Amino acid sequence: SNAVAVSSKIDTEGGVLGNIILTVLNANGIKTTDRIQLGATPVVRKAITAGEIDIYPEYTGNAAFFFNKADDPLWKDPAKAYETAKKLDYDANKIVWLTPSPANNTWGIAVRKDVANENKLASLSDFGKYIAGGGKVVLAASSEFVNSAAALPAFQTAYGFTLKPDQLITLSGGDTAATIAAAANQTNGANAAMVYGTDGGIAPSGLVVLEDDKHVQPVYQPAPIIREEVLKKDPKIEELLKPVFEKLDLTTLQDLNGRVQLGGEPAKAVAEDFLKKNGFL
Amino acid sequence: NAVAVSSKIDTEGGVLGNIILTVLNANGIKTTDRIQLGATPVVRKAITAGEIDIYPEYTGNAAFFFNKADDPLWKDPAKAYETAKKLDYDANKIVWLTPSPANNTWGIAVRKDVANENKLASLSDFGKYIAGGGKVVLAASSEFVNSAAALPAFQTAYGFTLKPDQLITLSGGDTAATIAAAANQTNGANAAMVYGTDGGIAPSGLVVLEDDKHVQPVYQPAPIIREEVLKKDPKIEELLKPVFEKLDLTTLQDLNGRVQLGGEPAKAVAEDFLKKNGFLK
Ligand SMILES: [Ca+2]
Ligand SMILES: [Ca+2]
């Protein structure tokens with residue numbers, strides 16, 4: 001039995017999810033080879049289609065860019081985003097998408113815990129009614145987020161709010177770490193930040209992501225995808241990773257990435273903690 | 001014949017580049033804007049080819065331009081400036097103008113409370129604080145902790161040793177993550193590896209402690225101009241001489257902070273510093 005090749009992308013979450021997939025297969029007698037954090041998406045995409053890697057975590061919404069359906073409204077539906085990625089990748093590359101994680105790692109807005117807790121903010125619908133009724137918010141975001149029609153203007157019309165120039169801080173780059181640091185330290189009075197759902201800084205900075213309940217943004221749920229050649233030679237991989245990824249909700253993955261990105265803990269040790277505490281190891 | 005003002009791609013290049021541009025514009029010297037052209041090797045290729053005329057350079061970087069990387073003279077501010085000034089004049093007829101006192105080098109920054117509480121302003125004070133059983137856990141990269149030129153060299157010069165209990169080792173060399181770890185006190189963090197004038201230091205409530213024995217090479221920013229351009233407008237030296245002498249470490253930190261985390265445009269922050277200091281109004 002050839003060792004299964006576990007890979008991931010270069011981001012912090014790739015290391016966490018890749019070591020989670022890697023540690024689970026090793027615990028059930030499946031021999032593996034380590035290719036974690038290989039590179040960007042195009043590098044991992046050409047590697048799996050060529051047989052150099054076998055299994056790695058991919059996001060459902062990224063299939064919009066692999067198969068030339070970038071702006072389709074179907075990617076805004078979490079369930080429809082999974083089956084279309086699952087069906088297209090099986091037909092085109094014989095890659096099998098396993099059970100996805102509930103975490104939606106897409107563009108969104110995170111607010112400080114005090115602002116969300118004191119005003120009972122859990123969704124972006126609450127966000128729209130809170131500021132439309134004169135609530136104080138200063139959102140730190142990139143000019144790209146504020147100006148591009150698919151981001152803040154799309155959020156504003158769907159949730160019925162408009163931010164005045166006094167309530168905006170536009171940063172030069174698109175790095176979400178800077179917006180998170182602005183709201184965490186309240187630079188220029190900021191209390192909200194442009195984020196990705198499971199960014200490593202959100203939990204250690206005391207921020208809460210507000211749910212895009214009307215689904216303005218495309219859904220990006222991480223899911224392990226495996227080549228069919230590898231999966232049927234040892235088929236237990238599907239069922240073993242099924243409940244593991246089912247308990248990786250937005251909050252759990254936020255804390256695991258934070259323990260790696262800012263806590264300094266190795267992704268392998270953070271992965272083994274999550275699995276033993278949840279009874280998978 | 002417009003003087004081409006440029007800079008490097010980071011936040012300080014934009015601030016220092018916009019400072020050079022407005023001081024020249026306010027004194028009747030027409031200029032061309034090439035600010036934030038690229039990284040150091042790209043800007044080194046532009047001025048050596050005559051495509052740009054003036055940009056802010058750091059004294060210690062001449063060690064890498066002239067293959068004298070580890071020479072002890074770069075740990076002396078005076079000898080590092082005069083050697084950088086003379087080598088570049090002999091090799092490319094580039095004239096180094098009056099430098100800034102700010103030392104944008106590798107260092108350790110602490111939270112204001114621990115600095116205030118224990119009267120920490122330099123690394124010699126820092127070393128005896130650890131030698132006396134002090135409370136410190138440092139966020140740094142693995143390279144900073146292990147490489148002989150970084151933490152072991154600080155430990156030898158300032159007489160202290162940090163236990164594994166007092167270290168947080170991060171994967172990358174980006175100082176924003178170490179600063180964010182100490183800013184939120186992740187894993188109890190209260191110190192961070194930094195560069196002297198990093199944009200996150202001031203908005204995160206951090207104080208960099210002085211490298212009083214000069215373990216690290218000194219990187220002082222200075223305007224450098226082609227001799228051909230300077231001889232047609234020779235007043236540029238006297239105009240930028242008192243401006244850069246007013247750019248100490250804390251002044252450059254707060255200007256970078258308002259750009260990188262405050263969202264203010266680099267040009268308006270430059271015009272504010274000059275008008276408040278009487279160089280514009
Ligand atoms: Ca701006
Ligand atoms: Ca570590």
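So that the names make sense, note that chain A is the first sequence line, chain B the second, and so on, each numbered from 1. FYI, side chains are in, hydrogens and waters are out, and symmetry mates aren't considered; it's all heavy atoms of this structure.
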Any donor-acceptor pair under 3.5 Å linking the side-chain atoms of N25(B) with those of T22(B)? no

From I10(A) CD1 over to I36(A) CD1, what is the distance, rounded to the nearest 0.5 angstrom? 11.5 Å

Distance, nearest 0.5 Å, that separates OG of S7(A) from OH of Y56(A): 8.5 Å

Just by distance, no angles: are the side chains of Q36(B) and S7(B) close enough, under 3.5 Å, to form a donor-acceptor pair? no

Residues from residues 175-187 of chain B approaching chain A under 4.5 Å (heavy atoms): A177(B), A180(B), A181(B), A183(B), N184(B), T186(B), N187(B)

Which value, rounded to the nearest 0.5 Å, describes the distance between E58(A) atom CD and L17(A) atom CG? 11.0 Å

How about residues 195-211 of chain A versus chain B: which residues have heavy atoms under 4.5 Å apart? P204(A), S205(A)

Taking atom CD of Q254(A) and atom CD of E13(A), what is their separation to the nearest 0.5 Å? 10.0 Å

What are the residues of residues 162-172 of chain B, in order of number, with any heavy atom under 4.5 angstrom from a heavy atom of chain A? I168(B), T169(B), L170(B)

Distance in Å, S101(A) OG paired with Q221(A) CD, rounded so as to fall on 0.5 Å steps: 6.5 Å

Is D273(A) paired with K277(A) through a side-chain N to carboxylate O contact shorter than 4.0 Å? no

Validation row, ring centre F127(A) to ring centre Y159(A) under 6.0 Å: no

Ion pair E51(B)/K45(B), N-O distance below 4.0 Å: no

Show which side-chain atoms of residues 135-153 of chain A pair as donor or acceptor with protein atoms under 3.5 Å away, not counting sequence neighbours.
residue	atom	partner	partner atom	Å
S142(A)	OG	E144(A)	N	3.4
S142(A)	OG	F145(A)	N	3.1
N147(A)	ND2	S143(A)	O	3.2

Distance col, row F280(A):CZ vs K247(A):NZ, nearest 0.5 angstrom, shows 6.5 Å

